[PDB]
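In what follows, a single structure is set out as structure tokens and then discussed.
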Amino acid sequence: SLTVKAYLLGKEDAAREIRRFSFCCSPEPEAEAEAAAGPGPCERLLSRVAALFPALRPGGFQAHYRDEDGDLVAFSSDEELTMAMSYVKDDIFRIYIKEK
Amino acid sequence: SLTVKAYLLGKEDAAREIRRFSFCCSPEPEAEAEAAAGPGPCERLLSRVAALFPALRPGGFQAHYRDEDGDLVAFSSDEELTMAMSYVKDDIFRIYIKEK
Amino acid sequence: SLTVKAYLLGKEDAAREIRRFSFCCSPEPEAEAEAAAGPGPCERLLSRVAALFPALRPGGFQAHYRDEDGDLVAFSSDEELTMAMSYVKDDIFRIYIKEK
């Protein structure tokens, strides 16, 4: 299991709302194309953040993760998630949620 | 055998991570050009420090060794390694790792 | 080659005389019983210290080496020399000479 921490950013980049959800270490929830048609972790995470942060649009936001440099990188692909977890050594995945 | 101690330096030149690896007294691991195409000790050391210090880039760092004066000298050549070991009398080779 | 540093101690354990000699990394100078009849490094070292420190008796002194604890251990056997060198990492062997 891996708890993912999300940080909501308003206009002054100030923490509006905080919420976390339990995630599986598994690559993807489903295997069939009826349930995985390419993505998996990204589409899963972006789903929870939507229901968790109703303050903004359901799918009208980008999640930005810090890199080795610290800069924000708006991720939106499973390939980018596998990389983002490579940074964190612990079982906590922090990310910066922003509404488009 | 010769244990090499590496010191990771952040922004405040503070010891981020410490890790050591066992090295051979031998000049080079391999002799064939398929395995030694000029370098040997430098390329070997820089390889371990990368896998040992994943906190930064794999090959985007410079290792600086103290001299007779004490100043840091970013080494990156086998010829420089043979010299660096000439300073230390013991079987412990200390070096200052910094990410570019 | 291995330079051995000796420290002469009077009555107040104060450094009377200082002198060094070049030694070989080899186990023993000779192999024949006419030249090695058991000892080798101890008998060799104790020989030089005598000629080097004429201030006292030729063979009426004990050489004490620091241990892992720091305490002095009057050595007088080849088996004890091989161990004493195991402490020093460098190519310098320090010892405390005392006349009996």
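Ligands are numbered from 1 in the order shown, residues from 1 within each chain, and chains are lettered A, B, ... in the order they appear in the structure tokens.
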Can you work out which residues from chain B touch chain A at a cut-off of 12 Å (counting only C-alpha atoms) and hand them back as a PDB file with N, CA and C atoms, in the first residue's frame?
ATOM      1  N   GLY B  10      24.647  18.580  -0.263  1.00  0.00           N
ATOM      2  CA  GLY B  10      23.418  19.247  -0.738  1.00  0.00           C
ATOM      3  C   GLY B  10      23.687  20.666  -1.255  1.00  0.00           C
ATOM      4  N   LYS B  11      22.970  21.602  -0.642  1.00  0.00           N
ATOM      5  CA  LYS B  11      23.118  23.040  -0.946  1.00  0.00           C
ATOM      6  C   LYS B  11      23.989  23.740   0.109  1.00  0.00           C
ATOM      7  N   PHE B  53      24.224   6.670  -4.665  1.00  0.00           N
ATOM      8  CA  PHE B  53      23.607   7.990  -4.462  1.00  0.00           C
ATOM      9  C   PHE B  53      22.616   8.283  -5.604  1.00  0.00           C
ATOM     10  N   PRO B  54      21.472   7.575  -5.583  1.00  0.00           N
ATOM     11  CA  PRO B  54      20.373   7.789  -6.543  1.00  0.00           C
ATOM     12  C   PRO B  54      19.657   9.132  -6.325  1.00  0.00           C
ATOM     13  N   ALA B  55      19.943   9.788  -5.194  1.00  0.00           N
ATOM     14  CA  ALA B  55      19.362  11.097  -4.830  1.00  0.00           C
ATOM     15  C   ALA B  55      19.575  12.151  -5.929  1.00  0.00           C
ATOM     16  N   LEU B  56      20.668  11.989  -6.667  1.00  0.00           N
ATOM     17  CA  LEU B  56      21.014  12.867  -7.792  1.00  0.00           C
ATOM     18  C   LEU B  56      21.094  12.086  -9.113  1.00  0.00           C
ATOM     19  N   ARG B  57      21.502  12.799 -10.159  1.00  0.00           N
ATOM     20  CA  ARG B  57      21.686  12.228 -11.505  1.00  0.00           C
ATOM     21  C   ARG B  57      22.655  11.030 -11.512  1.00  0.00           C
ATOM     22  N   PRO B  58      22.485  10.096 -12.457  1.00  0.00           N
ATOM     23  CA  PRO B  58      23.353   8.907 -12.570  1.00  0.00           C
ATOM     24  C   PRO B  58      24.807   9.259 -12.927  1.00  0.00           C
ATOM     25  N   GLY B  60      25.593  12.778 -13.707  1.00  0.00           N
ATOM     26  CA  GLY B  60      25.564  14.252 -13.699  1.00  0.00           C
ATOM     27  C   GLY B  60      26.110  14.797 -12.376  1.00  0.00           C
ATOM     28  N   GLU B  99      26.566  16.659  -6.900  1.00  0.00           N
ATOM     29  CA  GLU B  99      25.727  16.617  -8.109  1.00  0.00           C
ATOM     30  C   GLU B  99      25.855  17.924  -8.899  1.00  0.00           C
ATOM     31  N   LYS B 100      26.048  17.795 -10.202  1.00  0.00           N
ATOM     32  CA  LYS B 100      26.094  18.969 -11.096  1.00  0.00           C
ATOM     33  C   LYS B 100      24.715  19.647 -11.225  1.00  0.00           C
TER      34      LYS B 100
END
Requested in this report: Would you mind writing down, as a ChimeraX atom specification, each residue of chain A that DSSP on the backbone assigns to helix (DSSP H, G or I)?
Outcome: /A:41-52,78-87
Writing out the chosen residues with C-alpha atoms as a compact mmCIF listing (two decimals), in the first residue's frame:
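Saved as out_34.txt:
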# COMPACT_ATOMS: atom_id res chain seq x y z
CA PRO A 41 -1.96 4.78 -12.19
CA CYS A 42 -2.41 8.31 -13.66
CA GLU A 43 -6.10 7.81 -14.56
CA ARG A 44 -6.61 6.18 -11.11
CA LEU A 45 -4.93 9.00 -9.13
CA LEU A 46 -6.55 11.78 -11.19
CA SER A 47 -9.90 10.06 -10.46
CA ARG A 48 -9.48 10.22 -6.66
CA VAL A 49 -8.14 13.80 -6.59
CA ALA A 50 -11.33 14.80 -8.50
CA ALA A 51 -13.75 13.21 -5.98
CA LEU A 52 -11.45 14.37 -3.12
CA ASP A 78 1.50 6.38 -16.29
CA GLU A 79 5.12 6.44 -17.54
CA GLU A 80 5.54 9.69 -15.55
CA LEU A 81 4.05 8.14 -12.36
CA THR A 82 6.50 5.20 -12.26
CA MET A 83 9.26 7.84 -12.42
CA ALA A 84 7.73 10.12 -9.75
CA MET A 85 7.66 7.22 -7.25
CA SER A 86 11.36 6.56 -8.02
CA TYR A 87 12.15 9.89 -6.25
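The interatomic distance for the pair CA of residue 28 (chain C) and CA of residue 77 (chain C) works out to 12.8 Å.
A straight line drawn from CA of residue 76 (chain A) to CA of residue 92 (chain A) is 18.9 Å long.
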Report task. Write out as a list in words all residues of region 16-58 of chain A that DSSP puts in strand (DSSP E or B) for this structure's backbone. Result ->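 Taking region 16-58 of chain A and keeping strand (DSSP E or B) only, one gets residues 16, 17, 18, 19, 20, 21, 22 and 23 of chain A.
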Could those selected residues go to a file with N, CA, C and O atoms, as a PDB file, in the first residue's frame?
ATOM      1  N   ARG A  16      -5.190  25.082   0.036  1.00  0.00           N
ATOM      2  CA  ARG A  16      -6.647  25.219   0.226  1.00  0.00           C
ATOM      3  C   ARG A  16      -7.248  24.050   1.014  1.00  0.00           C
ATOM      4  O   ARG A  16      -7.932  24.244   2.014  1.00  0.00           O
ATOM      5  N   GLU A  17      -6.984  22.843   0.524  1.00  0.00           N
ATOM      6  CA  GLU A  17      -7.516  21.607   1.118  1.00  0.00           C
ATOM      7  C   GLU A  17      -6.448  20.509   1.063  1.00  0.00           C
ATOM      8  O   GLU A  17      -5.631  20.480   0.139  1.00  0.00           O
ATOM      9  N   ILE A  18      -6.475  19.652   2.079  1.00  0.00           N
ATOM     10  CA  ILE A  18      -5.552  18.504   2.173  1.00  0.00           C
ATOM     11  C   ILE A  18      -6.378  17.224   2.326  1.00  0.00           C
ATOM     12  O   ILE A  18      -7.281  17.159   3.159  1.00  0.00           O
ATOM     13  N   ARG A  19      -5.968  16.211   1.571  1.00  0.00           N
ATOM     14  CA  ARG A  19      -6.628  14.899   1.582  1.00  0.00           C
ATOM     15  C   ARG A  19      -5.693  13.827   1.015  1.00  0.00           C
ATOM     16  O   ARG A  19      -4.819  14.115   0.194  1.00  0.00           O
ATOM     17  N   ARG A  20      -5.833  12.633   1.578  1.00  0.00           N
ATOM     18  CA  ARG A  20      -4.995  11.473   1.232  1.00  0.00           C
ATOM     19  C   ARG A  20      -5.873  10.247   0.965  1.00  0.00           C
ATOM     20  O   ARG A  20      -7.000  10.162   1.451  1.00  0.00           O
ATOM     21  N   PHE A  21      -5.340   9.332   0.166  1.00  0.00           N
ATOM     22  CA  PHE A  21      -6.023   8.064  -0.148  1.00  0.00           C
ATOM     23  C   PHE A  21      -5.005   6.919  -0.224  1.00  0.00           C
ATOM     24  O   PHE A  21      -3.863   7.117  -0.648  1.00  0.00           O
ATOM     25  N   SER A  22      -5.455   5.738   0.184  1.00  0.00           N
ATOM     26  CA  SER A  22      -4.640   4.511   0.112  1.00  0.00           C
ATOM     27  C   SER A  22      -4.603   3.968  -1.323  1.00  0.00           C
ATOM     28  O   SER A  22      -5.628   3.798  -1.984  1.00  0.00           O
ATOM     29  N   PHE A  23      -3.387   3.751  -1.803  1.00  0.00           N
ATOM     30  CA  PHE A  23      -3.160   3.219  -3.156  1.00  0.00           C
ATOM     31  C   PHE A  23      -2.451   1.863  -3.081  1.00  0.00           C
ATOM     32  O   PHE A  23      -1.827   1.531  -2.073  1.00  0.00           O
TER      33      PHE A  23
END
Report task. Quote the spacing between CA of residue 6 (chain B) and CA of residue 91 (chain C) in Å to one decimal place. Result -> 22.8 Å
Requested in this report: Find the residues around residue 94 (chain B) up to 9 Å (only C-alpha atoms counted), leave out those fewer than 3 positions away in its own chain, and share them as a ChimeraX atom specification.
Outcome: /B:3-7,65-66,88
